[PDB]
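**Q** Please read through the structure below; I'll follow up with questions.
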Amino acid sequence: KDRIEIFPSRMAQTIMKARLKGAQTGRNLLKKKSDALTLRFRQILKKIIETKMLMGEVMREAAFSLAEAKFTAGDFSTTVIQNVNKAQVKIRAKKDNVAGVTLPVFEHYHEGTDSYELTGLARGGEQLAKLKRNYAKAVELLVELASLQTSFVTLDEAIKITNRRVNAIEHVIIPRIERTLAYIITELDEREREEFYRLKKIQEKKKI
Amino acid sequence: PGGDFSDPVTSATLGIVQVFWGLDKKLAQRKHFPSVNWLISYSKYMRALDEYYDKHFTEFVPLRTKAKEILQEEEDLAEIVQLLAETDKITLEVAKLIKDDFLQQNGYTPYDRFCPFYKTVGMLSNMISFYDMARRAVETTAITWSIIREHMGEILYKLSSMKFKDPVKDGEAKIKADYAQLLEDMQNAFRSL
Amino acid sequence: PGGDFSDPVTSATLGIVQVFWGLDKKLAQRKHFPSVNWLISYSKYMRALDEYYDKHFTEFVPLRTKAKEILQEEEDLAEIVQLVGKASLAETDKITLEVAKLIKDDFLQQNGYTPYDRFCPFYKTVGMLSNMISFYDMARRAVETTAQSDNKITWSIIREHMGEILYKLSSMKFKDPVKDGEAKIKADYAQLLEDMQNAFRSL
Amino acid sequence: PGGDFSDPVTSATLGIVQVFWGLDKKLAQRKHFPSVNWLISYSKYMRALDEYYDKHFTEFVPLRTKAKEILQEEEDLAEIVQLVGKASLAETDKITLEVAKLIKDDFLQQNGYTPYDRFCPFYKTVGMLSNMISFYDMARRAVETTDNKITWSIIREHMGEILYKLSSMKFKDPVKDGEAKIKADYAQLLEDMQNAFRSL
Amino acid sequence: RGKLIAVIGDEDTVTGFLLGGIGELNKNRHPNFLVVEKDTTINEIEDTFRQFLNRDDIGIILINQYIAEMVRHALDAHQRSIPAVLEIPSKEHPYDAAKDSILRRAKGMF
């Protein structure tokens, strides 16, 4: 196992040398790919918290407007939970090839179905439309954050795969090949030496 | 010999002759006589035949340079590929097609007893055009390789079966008309994408 | 010299003898003291001997073949285990790997300088291999029969179920040819086999 | 030949010589005029000269060992920085590679084309080494980092002026400067740092 | 266009989001949400989360932080990207930053 089983010859030297050069080029490329993927990972990390804080303040404002609407119309919660048939917003799953990996990503699609206007309870529609905006902005930002989330997890798994490959080529393949190469060199030198000895012997005998 | 590239005989011959052809590292396909090694294969009559060819054929110069480029291209990539980009794919299967059909003459068969100039011209021209009509970009010009394969499987079989046009039986006009018809088939297939 | 097999002396001897017991330095480095590289070793007296086993130890014949195949399959996986880690293989594969590992650690290993292992009578070896292969096929069939069920038996479950039984199977090698009758050790092997049967059926 | 260290000559020489001063063209690309790759160099006469340095330069002996330790430390620190980045570092780590930066820029690099930096008389070197290590020793067992701590940005905003003087120590010319003058000046820098930790 | 946002929360969140139109009844007349209060149990929450997992038209989950605390093991065990689970905290109570499923993945961070 410690050496690739090949009989020593000059052809063996050339082929092993080519394979060695190839191993270094492949290693170097995979290292570079890993660097780029790490950069994209860190870039995601840099914005997750900013999105989270904007999230927090927006949701706080929106659920405040909900509290005010509850003061206005009283108990519209019961009727709105009562009225659930169709939604006006869906999510579109599209792809991003930031690198050789495929990245899941989402988009905030608006179907456009009619919303359930509520006006019976003391005519609270003035608060209700305010809510329709406050929560809608939040929903948009959610869809964005979720896109970021799925991208993050898939990116993590891919980068770990590439790191596995880099370690595999770095700590296993190269030492085996170079050990083989050294062994071939040694065998060839020994053979040439034996030839030299035989020729010198016959030459010395030629004197008689 | 066993020392394909180090025996003094090949060395001495290499230092004298003007045109040399060699085989590559011995492939598993031991019957693969038409191999070519770009490392030591060369010809020094490229200049002297320019003035002859300028009044017979001038199209083959870019085609030959492209063939050399694409052969070099998979020669460079196959190492990493053993250890992807769409252009890499297009180029790889194009080069394999070239290696399998343009090269790999049996020699002994009714279909390789002799290949005149026009048959080579048609073969390589159609191959390189097929390469060019896809290599340009993801789109038809500035999808994936699999959709190209599933659409043009029949066309690819025709590309491979180009070699079965016997010159001894089929007249030259029929064979070149067939090449042109199949070229139009490729054009129609690519334009529908 | 050099530890390889390129010198003309060795190559000359290979062309004459019929049986070959290669040794590998790393194995003796492991303190796997009887360092025999089964992979490279071979024997050309397999024929003209089957009659003896058919007349005395007929069951040994399939058993050894099974063991050889298991060793080969372990080797055939080990490279891809080494290149790429675990958690990418089916239950059968890891089961075969682990049982092959225990075969390696117990059956192949043999310390002839302890008083109790200076010599191993053949029937002891036959019984040991019989117990091993019986356990192996029982476990493999059990996990296979539950492949499409709602509760797939994994290797961790087998360990939780039979750690102590595996320990006894490992300590199986502690049978002195003297100071311990043939009958009692044979009965011990049979009783262990019955225990393995009971533990499997209980699962 | 081509850097191959398996050449029988290279092995034979490396087995007999005691001191090896490796050189690196990569260092010369940075314009490090004394291009000496410390990470590969070594000296086996350390014990040979310990008596002379005990007799004459008692204080020198501990300093160099700490310096070598700092070099190994900043190597490791650079590794972990390459893994993530300098943000994740603690404050002790920040101080250590900052001292590594300053030693590399002043005590390590040389410019032999200036009258003030073309000959080390070995007592100026002792002084600047002692001052460097005194600063490094201030970083330990004298700050809150060794409850709330003090980040090095605060220490910089406090005495960047004395950091700059420590850096500019290199510009002392022995021919024009009395030996006593330079020792007194470096003592002045030391007691300036003394007032510096007294105030903070 | 493909999938359906789903939300589990107290009355405040579910009301506010159904105002935003997040909500659907399938052909079997089954909601994509669960109103949870003191009367709702942990095992019901986990079962309904698995019911969401069974559906092929979800994509996104919106869990109130109390609910996340209640079924932490189910959330953590489900290391799947197909539900892009997002944590969100409740009205009257502090923001939930610790125990975030992704912040644990990061190490060089707060």
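Each chain of the structure tokens is named A, B, ... in the order shown, its residues numbered from 1; ligands are numbered from 1 in display order.
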Among chain A, which residues carry a DSSP assignment of strand (DSSP E), reported as an NGL selection string?

**A** :A and (89-96 or 103-110)

**Q** What are the residues of chain A that have an atom within 12 Å of an atom of chain D, counting only C-alpha atoms, as a list in words?

**A**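 Close to chain D, chain A has residues 34, 35, 38, 39, 41, 42 and 182 of chain A.
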
**Q** Would you export the selected residues with N, CA, C and O atoms as a short mmCIF file (atom, residue, chain, number, x, y, z; two decimals), in the first residue's frame, please?

**A**
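Once everything was written out, this is again.cif:
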```
data_model
loop_
_atom_site.label_atom_id
_atom_site.label_comp_id
_atom_site.auth_asym_id
_atom_site.auth_seq_id
_atom_site.Cartn_x
_atom_site.Cartn_y
_atom_site.Cartn_z
N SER A 34 -11.92 26.35 -2.05
CA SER A 34 -12.28 26.41 -0.64
C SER A 34 -12.17 27.83 -0.12
O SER A 34 -13.02 28.27 0.66
N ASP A 35 -11.14 28.56 -0.54
CA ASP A 35 -11.00 29.95 -0.11
C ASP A 35 -12.21 30.77 -0.52
O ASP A 35 -12.79 31.51 0.30
N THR A 38 -15.28 29.88 1.55
CA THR A 38 -15.19 30.47 2.88
C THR A 38 -15.56 31.94 2.85
O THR A 38 -16.25 32.44 3.74
N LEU A 39 -15.08 32.67 1.83
CA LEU A 39 -15.41 34.09 1.74
C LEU A 39 -16.92 34.29 1.66
O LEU A 39 -17.49 35.15 2.36
N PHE A 41 -19.24 32.28 2.67
CA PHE A 41 -19.78 31.93 3.97
C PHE A 41 -19.71 33.12 4.92
O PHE A 41 -20.72 33.53 5.52
N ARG A 42 -18.53 33.72 5.03
CA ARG A 42 -18.35 34.80 5.99
C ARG A 42 -19.20 36.01 5.62
O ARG A 42 -19.70 36.70 6.52
N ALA A 182 10.96 7.99 -5.55
CA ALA A 182 12.29 7.80 -4.98
C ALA A 182 12.74 6.35 -5.15
O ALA A 182 13.91 6.09 -5.48
#
```

**Q** Per residue of range 10-101 of chain E within 10 Å of range 127-145 of chain A, record the nearest atom pair and its distance in Å to one decimal, counting only C-alpha atoms, with rows in chain order and ascending residue number, as a tab-separated table.

**A**
```
residue	atom	partner	partner_atom	distance
E:13	CA	A:135	CA	9.9
E:16	CA	A:135	CA	6.8
E:17	CA	A:135	CA	6.8
E:18	CA	A:135	CA	9.6
E:19	CA	A:132	CA	6.5
E:20	CA	A:136	CA	5.8
E:21	CA	A:136	CA	8.8
E:22	CA	A:139	CA	8.8
E:60	CA	A:143	CA	8.2
E:62	CA	A:142	CA	8.9
E:84	CA	A:145	CA	9.3
E:86	CA	A:145	CA	8.0
E:88	CA	A:142	CA	9.7
```

**Q** Define the interface residues of chain E facing chain A as those within 10 Å, counting only C-alpha atoms, and report them as a ChimeraX atom specification.

**A** /E:1-5,11-26,29,31,35,57-62,79-86,88-92,95-97,102-103,105-106,108-109

**Q** Could those residues be written to a file, using N, CA and C atoms, as a compact mmCIF listing (two decimals), in the first residue's frame?

**A**
```
# COMPACT_ATOMS: atom_id res chain seq x y z
N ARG E 1 -44.70 31.09 -5.56
CA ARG E 1 -45.56 30.48 -6.56
C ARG E 1 -45.70 28.98 -6.30
N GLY E 2 -44.64 28.37 -5.78
CA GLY E 2 -44.64 26.95 -5.48
C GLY E 2 -45.29 26.54 -4.18
N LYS E 3 -44.77 27.03 -3.05
CA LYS E 3 -45.07 26.48 -1.74
C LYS E 3 -45.84 27.49 -0.89
N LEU E 4 -46.12 27.11 0.36
CA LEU E 4 -47.03 27.85 1.23
C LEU E 4 -46.35 28.15 2.55
N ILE E 5 -46.28 29.42 2.93
CA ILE E 5 -45.73 29.78 4.22
C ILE E 5 -46.62 29.22 5.32
N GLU E 11 -51.97 33.79 19.82
CA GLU E 11 -53.07 34.43 19.11
C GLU E 11 -52.59 35.68 18.39
N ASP E 12 -51.67 36.42 19.01
CA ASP E 12 -51.21 37.68 18.44
C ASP E 12 -50.57 37.45 17.07
N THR E 13 -49.62 36.52 17.01
CA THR E 13 -48.88 36.31 15.77
C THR E 13 -49.78 35.76 14.68
N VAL E 14 -50.56 34.73 14.99
CA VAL E 14 -51.39 34.12 13.97
C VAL E 14 -52.41 35.12 13.45
N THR E 15 -53.00 35.92 14.34
CA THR E 15 -53.91 36.96 13.90
C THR E 15 -53.21 37.94 12.97
N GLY E 16 -52.05 38.45 13.40
CA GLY E 16 -51.36 39.45 12.61
C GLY E 16 -50.93 38.93 11.25
N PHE E 17 -50.61 37.64 11.17
CA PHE E 17 -50.14 37.09 9.91
C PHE E 17 -51.30 36.71 9.00
N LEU E 18 -52.40 36.19 9.56
CA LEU E 18 -53.57 35.96 8.74
C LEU E 18 -54.13 37.27 8.21
N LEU E 19 -53.88 38.37 8.92
CA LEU E 19 -54.14 39.68 8.33
C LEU E 19 -53.29 39.89 7.09
N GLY E 20 -52.03 39.48 7.15
CA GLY E 20 -51.14 39.55 6.01
C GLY E 20 -51.39 38.53 4.92
N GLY E 21 -52.36 37.64 5.11
CA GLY E 21 -52.72 36.67 4.09
C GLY E 21 -51.96 35.36 4.16
N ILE E 22 -51.05 35.21 5.11
CA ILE E 22 -50.35 33.94 5.29
C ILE E 22 -51.34 32.94 5.86
N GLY E 23 -51.80 32.02 5.03
CA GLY E 23 -52.73 31.02 5.50
C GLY E 23 -53.45 30.32 4.36
N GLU E 24 -53.62 29.01 4.47
CA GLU E 24 -54.25 28.26 3.40
C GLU E 24 -54.90 27.01 3.95
N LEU E 25 -56.01 26.64 3.34
CA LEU E 25 -56.68 25.38 3.59
C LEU E 25 -56.50 24.52 2.35
N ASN E 26 -56.01 23.30 2.53
CA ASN E 26 -55.72 22.44 1.39
C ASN E 26 -57.03 21.91 0.82
N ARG E 29 -59.24 20.48 3.42
CA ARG E 29 -59.67 21.46 4.41
C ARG E 29 -58.86 21.33 5.70
N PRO E 31 -55.57 23.43 7.83
CA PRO E 31 -54.80 24.67 7.82
C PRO E 31 -53.30 24.41 7.77
N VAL E 35 -52.77 27.52 16.13
CA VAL E 35 -52.86 28.44 17.25
C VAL E 35 -52.55 27.67 18.52
N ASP E 57 -45.68 21.14 0.26
CA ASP E 57 -46.01 22.49 -0.20
C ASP E 57 -45.87 23.49 0.93
N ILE E 58 -44.76 23.42 1.67
CA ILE E 58 -44.53 24.29 2.82
C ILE E 58 -43.40 25.27 2.57
N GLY E 59 -42.18 24.77 2.46
CA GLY E 59 -41.04 25.66 2.30
C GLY E 59 -40.58 26.31 3.58
N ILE E 60 -41.41 27.17 4.18
CA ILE E 60 -40.98 28.06 5.26
C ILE E 60 -41.83 27.78 6.49
N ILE E 61 -41.22 27.89 7.66
CA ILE E 61 -41.88 27.73 8.95
C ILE E 61 -41.60 28.96 9.79
N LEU E 62 -42.60 29.40 10.56
CA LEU E 62 -42.52 30.60 11.38
C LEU E 62 -42.86 30.24 12.82
N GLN E 79 -32.16 18.64 11.03
CA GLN E 79 -31.11 19.40 10.35
C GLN E 79 -31.34 19.31 8.84
N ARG E 80 -32.45 19.89 8.41
CA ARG E 80 -32.86 19.86 7.01
C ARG E 80 -33.04 21.28 6.50
N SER E 81 -32.57 21.51 5.27
CA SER E 81 -32.72 22.80 4.63
C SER E 81 -34.07 22.98 3.95
N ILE E 82 -34.80 21.89 3.69
CA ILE E 82 -36.07 22.01 2.97
C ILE E 82 -37.08 22.85 3.74
N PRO E 83 -37.37 22.58 5.03
CA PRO E 83 -37.96 23.63 5.87
C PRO E 83 -36.89 24.62 6.31
N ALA E 84 -36.93 25.82 5.74
CA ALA E 84 -36.09 26.92 6.21
C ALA E 84 -36.74 27.50 7.46
N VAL E 85 -36.54 26.81 8.58
CA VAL E 85 -37.16 27.22 9.84
C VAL E 85 -36.54 28.52 10.30
N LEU E 86 -37.38 29.49 10.63
CA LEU E 86 -36.96 30.78 11.15
C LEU E 86 -37.55 30.99 12.53
N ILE E 88 -38.62 33.36 15.67
CA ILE E 88 -39.12 34.71 15.90
C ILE E 88 -39.69 34.79 17.30
N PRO E 89 -39.38 35.86 18.04
CA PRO E 89 -39.87 35.91 19.42
C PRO E 89 -41.22 36.61 19.55
N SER E 90 -41.81 36.48 20.73
CA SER E 90 -43.19 36.88 20.97
C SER E 90 -43.29 38.37 21.25
N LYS E 91 -44.52 38.81 21.47
CA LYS E 91 -44.78 40.22 21.71
C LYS E 91 -44.18 40.69 23.03
N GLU E 92 -44.71 40.19 24.14
CA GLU E 92 -44.51 40.85 25.43
C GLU E 92 -43.17 40.53 26.06
N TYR E 95 -36.37 39.70 23.04
CA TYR E 95 -35.95 39.06 21.81
C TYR E 95 -35.12 37.81 22.12
N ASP E 96 -35.29 36.78 21.31
CA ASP E 96 -34.58 35.52 21.47
C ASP E 96 -33.38 35.52 20.54
N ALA E 97 -32.19 35.66 21.11
CA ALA E 97 -30.93 35.58 20.38
C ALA E 97 -30.15 34.30 20.66
N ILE E 102 -28.56 28.55 14.09
CA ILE E 102 -27.49 28.89 13.17
C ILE E 102 -26.32 29.55 13.88
N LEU E 103 -26.59 30.33 14.93
CA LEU E 103 -25.51 30.98 15.65
C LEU E 103 -24.59 29.96 16.30
N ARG E 105 -23.79 27.20 14.84
CA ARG E 105 -22.93 26.77 13.74
C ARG E 105 -21.72 27.68 13.62
N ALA E 106 -21.90 28.98 13.83
CA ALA E 106 -20.79 29.92 13.82
C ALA E 106 -20.07 29.90 15.17
N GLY E 108 -16.76 32.10 15.48
CA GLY E 108 -16.05 33.36 15.60
C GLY E 108 -16.93 34.57 15.77
N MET E 109 -18.10 34.40 16.37
CA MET E 109 -19.15 35.41 16.38
C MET E 109 -19.50 35.72 17.84
```

**Q** For a quick test of understanding: name the residues of chain D lying within 9 Å of chain E when counting only C-alpha atoms, and present them as number ranges by chain.

**A** D: 84-85, 87-88

**Q** Once you count only C-alpha atoms, what closest atom pair and distance in Å to one decimal does each residue of chain A within 9 Å of chain B have, with rows by chain and rising residue number, as CSV?

**A**
```
residue,atom,partner,partner_atom,distance
A:9,CA,B:3,CA,7.4
A:10,CA,B:3,CA,6.9
A:11,CA,B:3,CA,6.4
A:15,CA,B:25,CA,8.6
A:19,CA,B:79,CA,7.9
A:22,CA,B:79,CA,6.1
A:23,CA,B:83,CA,8.0
A:25,CA,B:80,CA,7.9
A:26,CA,B:80,CA,5.9
A:100,CA,B:84,CA,7.0
```

**Q** Which neighbours of residue 193 in chain B fall inside 10 Å, counting only C-alpha atoms, when residues of the same chain fewer than 2 positions from it are skipped, and could you give them as a list in words?

**A**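 These residues fall inside the cut-off: residues 139, 140, 143, 147, 148, 151, 188, 189, 190 and 191 of chain B.
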
**Q** Could you tell me which of C:83, C:70, C:17, C:61 comes closest to chain A if we count only C-alpha atoms?

**A**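 Of all the options, C:83 lies closest to chain A.
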
**Q** Any chance you could list, as a PyMOL selection string, the residues in range 76-133 of chain C that come up alpha helix (DSSP H) when DSSP is run on the backbone?

**A** chain C and resi 76-83+91-103+122-133

**Q** Could you pull the residues within 10 Å of range 186-200 of chain C, counting only C-alpha atoms, minus those fewer than 4 positions along the same chain, as a ChimeraX atom specification?

**A** /C:123-124,127-128,130-132,134-135,138-139,142,158,161-162,165-166,168-169,172,175,181-182

**Q** Using only C-alpha atoms and a distance of at most 10 Å, pull out the residues of chain C that contact chain A, as an MDAnalysis selection string.

**A** chainID C and resid 79 82:85
